[PDB]
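Both ligands and their constituent atoms are indexed starting at 1 by order of listing. Proteins come first, then strands; the chains are lettered A, B, ... in the order of their sequence lines, and each starts at number 1. Side chains are part of it too, since the values below use all heavy atoms of this structure and drop only hydrogens, waters and symmetry mates.
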4 protein chains.
Amino acid sequence: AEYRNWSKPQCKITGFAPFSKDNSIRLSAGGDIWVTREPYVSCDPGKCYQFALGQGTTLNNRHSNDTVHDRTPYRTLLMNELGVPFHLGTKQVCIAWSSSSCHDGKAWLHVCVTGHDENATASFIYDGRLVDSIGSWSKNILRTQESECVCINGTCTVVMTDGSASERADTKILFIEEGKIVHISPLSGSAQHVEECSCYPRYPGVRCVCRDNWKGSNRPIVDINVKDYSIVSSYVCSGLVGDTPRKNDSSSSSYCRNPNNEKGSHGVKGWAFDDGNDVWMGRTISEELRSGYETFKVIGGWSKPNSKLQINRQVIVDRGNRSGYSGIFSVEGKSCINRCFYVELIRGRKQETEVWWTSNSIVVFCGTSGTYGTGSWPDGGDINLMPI
Amino acid sequence: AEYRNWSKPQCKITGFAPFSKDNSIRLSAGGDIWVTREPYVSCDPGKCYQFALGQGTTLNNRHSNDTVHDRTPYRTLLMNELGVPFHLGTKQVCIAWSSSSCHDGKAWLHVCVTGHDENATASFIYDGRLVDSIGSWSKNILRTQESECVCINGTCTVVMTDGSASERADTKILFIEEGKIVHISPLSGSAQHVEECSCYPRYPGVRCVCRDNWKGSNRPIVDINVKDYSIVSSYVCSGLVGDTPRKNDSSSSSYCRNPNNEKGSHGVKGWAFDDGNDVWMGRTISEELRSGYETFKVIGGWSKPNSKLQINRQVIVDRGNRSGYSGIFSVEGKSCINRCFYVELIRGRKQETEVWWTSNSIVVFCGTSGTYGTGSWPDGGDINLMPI
Amino acid sequence: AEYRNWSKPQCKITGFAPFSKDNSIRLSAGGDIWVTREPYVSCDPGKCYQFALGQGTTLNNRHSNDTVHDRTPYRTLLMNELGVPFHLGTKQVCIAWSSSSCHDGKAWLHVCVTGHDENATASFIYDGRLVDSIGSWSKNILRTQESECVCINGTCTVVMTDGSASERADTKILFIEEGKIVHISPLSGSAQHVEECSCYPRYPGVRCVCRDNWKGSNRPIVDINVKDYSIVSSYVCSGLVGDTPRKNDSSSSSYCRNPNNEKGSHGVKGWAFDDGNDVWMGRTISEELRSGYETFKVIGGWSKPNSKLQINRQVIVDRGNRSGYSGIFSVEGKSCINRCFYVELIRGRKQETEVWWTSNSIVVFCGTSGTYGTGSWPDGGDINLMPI
Amino acid sequence: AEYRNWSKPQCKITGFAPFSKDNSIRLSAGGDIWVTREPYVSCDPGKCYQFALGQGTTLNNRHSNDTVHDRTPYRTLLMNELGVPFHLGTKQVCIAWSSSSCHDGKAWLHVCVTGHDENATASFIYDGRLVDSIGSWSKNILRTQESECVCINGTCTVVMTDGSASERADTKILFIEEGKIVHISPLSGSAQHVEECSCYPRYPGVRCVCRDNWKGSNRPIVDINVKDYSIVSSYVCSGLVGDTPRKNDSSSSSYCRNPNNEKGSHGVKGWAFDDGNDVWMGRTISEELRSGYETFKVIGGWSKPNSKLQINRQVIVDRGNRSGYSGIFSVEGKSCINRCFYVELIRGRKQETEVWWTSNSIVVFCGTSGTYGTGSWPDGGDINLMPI
Ligand SMILES: *[C@@H]1O[C@H](CO)[C@@H](O[C@@H]2O[C@H](CO)[C@@H](O[C@@H]3O[C@H](CO[C@H]4O[C@H](CO)[C@@H](O)[C@H](O)[C@@H]4O)[C@@H](O)[C@H](O[C@H]4O[C@H](CO)[C@@H](O)[C@H](O)[C@@H]4O[C@H]4O[C@H](CO)[C@@H](O)[C@H](O)[C@@H]4O)[C@@H]3O)[C@H](O)[C@H]2NC(C)=O)[C@H](O)[C@H]1NC(C)=O
Ligand SMILES: *[C@@H]1O[C@H](CO)[C@@H](O[C@@H]2O[C@H](CO)[C@@H](O[C@@H]3O[C@H](CO[C@H]4O[C@H](CO)[C@@H](O)[C@H](O)[C@@H]4O)[C@@H](O)[C@H](O[C@H]4O[C@H](CO)[C@@H](O)[C@H](O)[C@@H]4O[C@H]4O[C@H](CO)[C@@H](O)[C@H](O)[C@@H]4O)[C@@H]3O)[C@H](O)[C@H]2NC(C)=O)[C@H](O)[C@H]1NC(C)=O
Ligand SMILES: *[C@@H]1O[C@H](CO)[C@@H](O[C@@H]2O[C@H](CO)[C@@H](O[C@@H]3O[C@H](CO[C@H]4O[C@H](CO)[C@@H](O)[C@H](O)[C@@H]4O)[C@@H](O)[C@H](O[C@H]4O[C@H](CO)[C@@H](O)[C@H](O)[C@@H]4O[C@H]4O[C@H](CO)[C@@H](O)[C@H](O)[C@@H]4O)[C@@H]3O)[C@H](O)[C@H]2NC(C)=O)[C@H](O)[C@H]1NC(C)=O
Ligand SMILES: *[C@@H]1O[C@H](CO)[C@@H](O[C@@H]2O[C@H](CO)[C@@H](O[C@@H]3O[C@H](CO[C@H]4O[C@H](CO)[C@@H](O)[C@H](O)[C@@H]4O)[C@@H](O)[C@H](O[C@H]4O[C@H](CO)[C@@H](O)[C@H](O)[C@@H]4O[C@H]4O[C@H](CO)[C@@H](O)[C@H](O)[C@@H]4O)[C@@H]3O)[C@H](O)[C@H]2NC(C)=O)[C@H](O)[C@H]1NC(C)=O
Ligand SMILES: *[C@@H]1O[C@H](CO)[C@@H](O[C@@H]2O[C@H](CO)[C@@H](O)[C@H](O)[C@H]2NC(C)=O)[C@H](O)[C@H]1NC(C)=O
Ligand SMILES: *[C@@H]1O[C@H](CO)[C@@H](O[C@@H]2O[C@H](CO)[C@@H](O)[C@H](O)[C@H]2NC(C)=O)[C@H](O)[C@H]1NC(C)=O
Ligand SMILES: *[C@@H]1O[C@H](CO)[C@@H](O[C@@H]2O[C@H](CO)[C@@H](O)[C@H](O)[C@H]2NC(C)=O)[C@H](O)[C@H]1NC(C)=O
Ligand SMILES: *[C@@H]1O[C@H](CO)[C@@H](O[C@@H]2O[C@H](CO)[C@@H](O)[C@H](O)[C@H]2NC(C)=O)[C@H](O)[C@H]1NC(C)=O
Ligand SMILES: CC(=O)N[C@H]1[C@H]([C@H](O)[C@H](O)CO)OC(C(=O)O)=C[C@@H]1NC(=N)N
Ligand SMILES: CC(=O)N[C@H]1[C@H]([C@H](O)[C@H](O)CO)OC(C(=O)O)=C[C@@H]1NC(=N)N
Ligand SMILES: CC(=O)N[C@H]1[C@H]([C@H](O)[C@H](O)CO)OC(C(=O)O)=C[C@@H]1NC(=N)N
Ligand SMILES: CC(=O)N[C@H]1[C@H]([C@H](O)[C@H](O)CO)OC(C(=O)O)=C[C@@H]1NC(=N)N
Ligand SMILES: [Ca+2]
Ligand SMILES: [Ca+2]
Ligand SMILES: [Ca+2]
Ligand SMILES: [Ca+2]
């Protein structure tokens, strides 16, 4: 077992091909399935796992009532092989209402945040044991990525924020070796609010695309140097912006450096990645709600401010159907590093009042150098047939 | 771990012996069990797995209503060790309403087709990662074997069709190395319609027996050369024909080359294999419906046009009970390659209107060089005791 | 991985200590648990597994009605790690209404009998593949041990019977190498009826204690020489006899050679083993019914005809509670071979008419060279609280 | 695989960080989950497992009625990976109404006590086989730790008691090598009543902190020398005492040697460990009931009689919520041995009469050298929403 270095070129990407779907809401109506939100995917050198924050209950269960809330002492991080739905034999790997996980080539790191809003604790669990912890620095909901961290040569990086959801906050990037925090770098650069980073290896460093919850509907970028620990930050250049809410495609803007101040408050976790001058990105189809999901390439979208020249659109979830969070993960192939993404498909309250609970299923796609057609892969639960 | 070459002689076969049964419909009445159809069996060098296309629901579940339909975005390929029924802890290995899987000696390949009828995508997943994809070439339900593919020296072959179910279509044979499509050969030869191939290693190549959905109640043969990529095709010589529907045993014919034009439209997935001049084959007992299942050898049935000299009949499922799809798989023994087969036992709509769902169980037999008796191994669900 | 030779002395035994219990009937009232009978235990070099013949249904299931019957096409052999109850994720390793399993040091052999009463088939499955089969020789319920077979230096032995349950029958001992039948020896010697043998390694050969269903309430012994394939047989010398039904302890007899002709018809699977001149044995406490279970040593019970000098009695199941089948298994320790046994605890019809089903749980004890106390470990299901 | 020696220094501890929670009571209301009590945690060199004494039933099950009782023949020791709740696929590793388990670096030892109150048997199971047993010496509820044993260089130690719960009893320390009892040392020293020891490696020996059920609300210490087999004992010096019941913090006392005679009768399993002159310890917040759970360091609490100088308090379970048993486990890191603890969260009768059953969930924390905040992690079941 050697440490991952991710020192291969990024794979050619012509778009994305179907990879996985768990259909967990449909199954919940005829089986004991965990209530979840904030899912993600991360893979060890051999195989992929799906993760989510449990609500400490199954769906067909009186405890599922009012599971819309984000933070309780009963939330734990679930971990199954990808494609295995969260049944009662699912392992809860730590106590968490915010998490990030990654494999360094040798073992799994889990970063798990729980406790009081005003004084939370993050535990660092590596190779099945607790190695480190840190208390809240700003005493206002310490929180992390809700997707995979990234490790190079045994140094794993994870982005965490503490402080306001609607003003300047204190974001820090932790460097972790075999579960031990060896360095913490405060955020630097021009990103003005950073949450829920979707990070990927871009040898020799790590690159993240995140959520600005304050003034931006354009997505922040954070670049992390694992050798000198320097942090830089800015915004995705693309004038087709990635956050929800946002303005329409003709009114939206981004000039690469500053929050656009266009329906900037609130947000959704999302992702994008660079290919030379171009960007690949996903987003909800709706500009207001977490409904629909589309991916596309913006020509010049990485290096040219405010570019809106799109190509290679794919519908992942049709506009009539609910989506949610999305995030990136990276998979090492024979000769290149591939980029994949998941979409959380949220069902229940508050939007759907037919039931009392709030949960999600997942759908997953991976980059391809081949060809593909079209479809739509929504949750598929019939809200009127569900246990309430 | 070395690549499979399958370079051993075929085992002596005197008939088939019971190997596995999952009883999943009976269990569905008292437990959370997936709704499935189109099952199959494939084995790695150590052990066998059962596969099926899920309907994204369990049977005792309101979502099981009207699961007769062939293609939805909720269908996924299930994979368990053979004999483990599709319980809620079953892994969904990809999104699929048509699939083929095989192990090359080192890792599993899955071929999975999903998306719009008119523009489907096939994903190629090898060793737990997406390696390739292809879009629909004829824009009319791209589809594949619904049974195991076959790999020799690391080249895996899979037969796919796109186009009409009731006229000339575009069948292609893909050659896949570690999940990457390295070559695609169009169908050639005298088979006029080819679907749902049951393929087996016949060193140095691959041989398939398939479904003609158009003009043949005789089964097509496709031979695949993995070195020069040439394809040839014809029909099983046996005058006792293998498809359903078909004419009676006295009226039926085949002359080895052309569809017989005898109740040729429609069909069922099935199998046959050669032993010198003789053929072993299975088929439904009913000539009209997917009811009963019998196996036998036809003396001269491989090389003599229209031979009807049968011997070594076995009843697998009595004529009063429902069958369905069937297919071949191959298992490497100490000194020879054995041939085995599964039978899908379909229950529910449209034939049985007592329930709203459509599902199946499975029964599995393997070739033997020993002796055996008689029996009948049907599904065993009591349609009047089932959840509706 | 080397073949087991079992070439160590038998461990010192002062009695038996509790090893396992699965409590499956109690669990069946609040969970999806298989309906079973005829359970047994066998261990690979590392760990033990529990086995049973399923009835192709869970208990809380309409299909559990009238599961008293011995033989159906839905019965399969279940296999879990010992102590894991037969939940819905349990593997069905073959189709069987009669079975025997054993590990040769390298891999598992399963012997599985299914099909028509008058023309059954036994499949031989080794290392996950079908290697051999044999048809019924006497056309009257081919059947086997319902407990572990035994392998020495890669030759596995299994005792099978075909023919009358109430007159002279045709018993044969099969010698099996990597799943292939290499030799079959007919029963020889003075045992007049032999069923359901409980066999154990007694280097350099195999020794079995069985059920006489015809004229004996004394238990037959069959000795198997794995080098020259010779079979000899007689009866356990002990005047305290092991079968049910039987006469009382003062009226019972055995003189080592012939069936005692004392309430000889019918029987129950059971076990005994030798220690020099002494015998260890178990039996039901009731002389008429399968109720209670006791173990003891008979001083002189192996070599002295009709000895009744007992010592070291233990109650395993109190006389007020139901038992059933019992059988031996052997476990290799550091320096000796230990002997253990299981007891099937049968619940339901026909004896208990409060429910419609027939099932069992299990309890397991192992020989000890240490000390122990007393107890009683019955099924524990409350028949009046069970699903019907 | 080498034997554990635990020959590293104890880790720096500044307090404890969240590690695991299973939420099993909440899940029990919508899924088949075992009824348990007396849980614990023990880890092999790679990963941690959770253990508990089952009641031979799931919670949503008529057999769960009146599961308040401590000892039945249906109780078994359950073992899952830590964080996997006790679902129906959980392994029952032995028959037990009292247990201790530990891994010696090569294999698992289980110590399991069952049978009649007046004549119980303890089985010693190592590497999946029964190696030894001992009968009750004092004929009055032979019993053990209900938490992990400890092994050094292949010698495992376990503390057992037989005799009165309310007067002088017969405690013995067993030394076990590969499952075989090689030596038994009677308790010696000034501890006057010793039950339910929480033991940890303190190279070159083993140290335990236990429950005095008779005259002490201060906790006994037992030190075990694994080389010369000598036993010494006393009481934790801290004037803030660890048992429940106890007097208030101002009235309580301990002078290190003798039971304090302060509300000494009854007790709860608990833990403490030394760091030079200081002690870390947990206890219920309530002085009368098993409610709340707090941890803290007492400065001088190991070596200075009656010290009450506390620092580094953490609330684990708020005072309004139920706790129960607690115990220590040790985890080997890169350069030091860490100390962790679990808390049993008891729900149901007799305290909560809304339901008929008695069960528990668990929460687990590990020592940290980092920082942390605050929270409360109670069971979380709504007693008014539970199946009864
Ligand atoms: C079977 O499946 C395949 C694979 O999914 C699918 O092919 C894909 O089709 C989509 C939709 O057409 C393609 O994505 C589009 O790409 C165009 C640019 O490509 C065209 O123009 C260039 C340059 O001239 C040519 O080289 C090229 O050949 C094409 O002709 C983008 O313009 C598209 O974006 C617009 O349309 C979207 C809706 O489709 C809008 O959502 C989006 O906002 C854009 O609209 C606005 O921008 C336009 C200018 O960009 C302008 O007209 C207005 O401002 C407008 O309002 C979109 O990204 C994708 O590349 C194809 N994939 C591949 C690999 O070929 C097949 O269509 C499908 N067949 C069926 C019937 O199912
Ligand atoms: C216990 O279990 C064993 C194993 O399953 C079983 O033995 C098997 O019996 C079946 C049924 O008889 C055998 O299969 C048949 O084989 C004959 C040919 O074999 C005979 O003829 C040759 C050549 O002269 C002899 O060497 C040989 O010894 C036999 O006498 C086929 O003719 C059979 O096919 C016909 O009958 C079927 C129904 O059984 C029809 O479905 C089928 O359509 C065929 O019917 C038509 O063809 C006939 C000419 O072929 C002619 O009469 C008419 O056209 C007719 O309508 C069938 O394949 C099988 O070989 C045996 N297996 C072995 C290994 O021996 C025992 O019977 C069983 N016992 C019981 C009581 O359960
Ligand atoms: C705590 O747990 C331990 C371990 O389980 C338990 O000890 C065991 O007790 C049983 C029951 O007494 C013992 O088994 C009996 O052994 C005697 C022979 O031993 C005695 O005699 C010899 C020779 O003189 C002495 O060396 C020895 O010290 C003993 O005194 C057998 O006779 C017993 O069989 C008879 O009684 C059974 C009921 O207990 C009947 O079911 C059985 O049919 C026998 O009855 C008939 O035979 C008698 C002559 O054999 C005669 O009296 C009449 O014919 C009669 O009707 C039985 O096998 C066992 O050896 C002990 N185990 C060990 C290791 O010591 C403790 O008793 C237990 N304590 C409590 C209170 O729970
Ligand atoms: C965010 O999260 C952090 C980490 O959990 C938390 O910090 C921790 O706070 C607790 C509670 O204050 C600290 O534990 C206490 O420590 C004091 C001793 O520390 C003080 O005094 C020393 C010596 O002068 C100073 O060096 C040091 O800086 C501190 O000022 C103990 O006295 C505390 O025990 C008493 O209070 C408890 C309730 O909090 C009682 O339950 C307990 O019985 C004690 O009460 C009695 O004793 C007193 C003297 O000891 C005396 O006043 C009376 O007799 C009294 O009745 C307690 O152990 C802990 O050390 C902090 N942890 C760290 C690592 O700093 C933050 O508070 C938290 N913030 C929020 C708002 O959530
Ligand atoms: C995209 O949003 C812009 C900005 O709101 C829309 O432009 C406005 O449209 C209304 C008429 O519907 C006018 O009264 C306003 O003067 C416009 N505002 C500005 C600032 O231009 C535009 O219509 C939207 N485009 C689409 C296609 O919906
Ligand atoms: C097999 O099918 C053939 C073809 O239909 C049947 O032959 C027909 O039988 C009817 C009488 O029932 C006659 O009126 C027709 O003239 C026949 N047609 C031909 C073309 O021969 C034959 O009877 C069937 N055999 C069996 C055993 O059912
Ligand atoms: C054991 O069984 C024998 C054989 O039946 C019993 O002896 C019989 O008892 C009855 C009186 O109850 C007499 O009328 C018969 O003459 C006896 N028959 C013989 C052949 O002796 C004996 O009583 C039984 N022993 C016990 C303890 O139940
Ligand atoms: C702790 O317990 C002590 C001992 O009972 C309490 O002291 C008693 O308090 C009552 C008044 O409430 C007096 O009448 C007794 O004289 C006291 N007894 C002794 C022996 O001192 C003390 O009040 C308790 N402390 C707290 C904070 O509850
Ligand atoms: C720690 C926490 O509660 N994070 C929140 C997150 C957060 O409110 C925003 O990013 C603003 O800061 O929003 C959302 C959301 O759906 O918008 C869900 C997350 N829920 C959970 N991770 N549990
Ligand atoms: C891709 C697809 O829908 N294939 C069909 C197949 C097909 O309709 C015929 O071969 C004609 O082309 O028929 C059947 C069938 O039962 O006849 C089931 C298959 N269902 C699934 N594989 N899902
Ligand atoms: C193959 C078969 O049916 N064997 C029978 C067995 C048999 O009837 C007797 O030994 C007489 O021959 O009896 C019993 C029994 O409980 O007495 C159960 C077995 N049931 C099963 N193994 N399924
Ligand atoms: C063997 C046994 O029954 N031990 C008891 C234990 C015991 O009563 C006291 O320590 C007094 O001796 O108390 C308790 C308790 O909750 O106080 C539970 C234990 N239950 C179980 N381990 N099953
Ligand atoms: Ca925003
Ligand atoms: Ca056809
Ligand atoms: Ca008999
Ligand atoms: Ca006490």
Side-chain angles (χ1 to χ4, degrees), chain A residues 13-18 115-121 133-140 142 238-240 246-253 262-263 278 280-281 283 285 287-288 292 294-301 307-316 318-319 365 368-376, chain B residues 115-121 133-140 142, chain D residues 13-18 238-241 248-250 252 278 280-281 283 285 287 292 294-301 307-316 318-319 365 368-376:
Chain A
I13 303 286
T14 64
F16 308 83
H116 290 144
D117 282 9
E118 314 78 5
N119 208 7
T121 307
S133 66
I134 195 160
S136 170
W137 47 82
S138 289
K139 307 310 194 274
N140 191 359
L142 176 65
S238 171
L240 302 175
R246 63 184 184 268
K247 290 182 175 191
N248 67 28
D249 281 5
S250 64
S251 294
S252 65
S253 76
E262 301 169 353
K263 301 176 107 84
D278 302 333
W280 288 97
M281 50 176 275
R283 65 185 186 178
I285 295 176
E287 291 148 11
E288 279 313 306
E294 59 178 6
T295 56
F296 48 79
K297 175 201 280 181
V298 182
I299 300 162
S307 178
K308 292 186 188 187
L309 188 62
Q310 82 147 256
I311 197 162
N312 294 334
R313 181 167 180 264
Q314 296 174 256
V315 170
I316 309 295
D318 75 82
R319 80 289 119 173
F365 274 63
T368 181
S369 57
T371 62
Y372 48 82
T374 59
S376 170
Chain B
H116 290 144
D117 282 9
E118 314 78 5
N119 208 7
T121 307
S133 66
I134 195 160
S136 170
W137 47 82
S138 289
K139 307 310 194 274
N140 191 359
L142 176 65
Chain D
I13 303 286
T14 64
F16 308 83
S238 171
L240 302 175
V241 300
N248 67 28
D249 281 5
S250 64
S252 65
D278 302 333
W280 288 97
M281 50 176 275
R283 65 185 186 178
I285 295 176
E287 291 148 11
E294 59 178 6
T295 56
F296 48 79
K297 175 201 280 181
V298 182
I299 300 162
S307 178
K308 292 186 188 187
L309 188 62
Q310 82 147 256
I311 197 162
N312 294 334
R313 181 167 180 264
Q314 296 174 256
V315 170
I316 309 295
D318 75 82
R319 80 289 119 173
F365 274 63
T368 181
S369 57
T371 62
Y372 48 82
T374 59
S376 170

Salt-bridge contact D/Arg313-D/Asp249 (side-chain N to carboxylate O under 4.0 Å)
no
Within a distance of under 4.0 Å, is there any protein heavy atom near atom 25 (N) of ligand 5?
yes
Just jot down the ligand 5 atoms closer than 4.0 angstrom to any heavy atom of A/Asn248, in number order.
1 (C), 2 (O), 3 (C), 22 (C), 24 (C), 25 (N), 26 (C), 28 (O)
Assess the side chains of A/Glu262 and A/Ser252: does a donor N or O sit below 3.5 Å from an acceptor N or O?
no
Closer than 3.5 angstrom, by distance alone: can the side chain of D/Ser307 be matched with the main-chain N or O of D/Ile299 as a donor-acceptor pair?
yes
Tell me the contacting part of A/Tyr372 for ligand 1: side chain, backbone, both, or neither, using a 4.0 Å heavy-atom threshold, strictly below.
both
Heavy atom of D/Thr374 under 4.0 Å from ligand 4?
yes
Are any of the N/O atoms in A/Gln314 less than 3.5 Å from those in ligand 1?
no
Side chain of D/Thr368, backbone of D/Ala17: donor and acceptor closer than 3.5 Å?
no
Looking only at protein heavy atoms, what sits closest to atom 26 (O) of ligand 4 is D/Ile311 CD1, 4.8 Å
Heavy-atom distance from atom 13 (C) of ligand 5 to the protein below 4.0 Å?
no
Would a 4.0 Å cut-off, counted as strictly less than, catch a protein heavy atom around atom 69 (N) of ligand 1?
yes
Check whether the side chains of A/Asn248 and A/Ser250 place a donor and an acceptor atom closer than 3.5 Å, and report yes or no.
yes
I need the atoms of ligand 5 closer than 4.0 Å to a non-hydrogen atom of A/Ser251, numbered in the order shown.
1 (C), 2 (O), 3 (C), 4 (C)
Checking the side chain of D/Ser238 only, and the main-chain atoms of D/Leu240 only, is there a donor and an acceptor separated by less than 3.5 Å?
yes
Structural part of D/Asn312 in contact with ligand 4, heavy atom criterion under 4.0 angstrom:
both
Would you say atom 28 (O) of ligand 5 touches the protein, meaning some protein heavy atom is under 4.0 Å from it?
yes
Is the closest heavy atom of D/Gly373 to ligand 4 under 4.0 Å?
yes
D/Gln314 side chain vs D/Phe16 backbone, donor-acceptor pair below 3.5 Å
yes
Main-chain N/O of A/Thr371 paired with B/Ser133 side-chain donor or acceptor, under 3.5 Å
yes
Distance filter under 4.0 Å to A/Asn119 heavy atoms, resulting ligand 4 atoms:
1 (C), 2 (O), 3 (C), 66 (C), 68 (C), 69 (N), 70 (C), 72 (O)
Checking the N or O distance criterion of under 3.5 Å, is ligand 1 in contact with A/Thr14?
no
Looking at atom 20 (C) of ligand 5, is any protein heavy atom nearer than 4.0 Å to it?
no
Of A/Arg313, A/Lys308, A/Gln310, B/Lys139, the residue with the heavy atom nearest atom 35 (C) of ligand 1 is A/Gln310
Is it true that atom NZ of A/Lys297 has more than 12 heavy atoms of other residues, nucleotides or ligands lying nearer than 6.0 Å?
yes
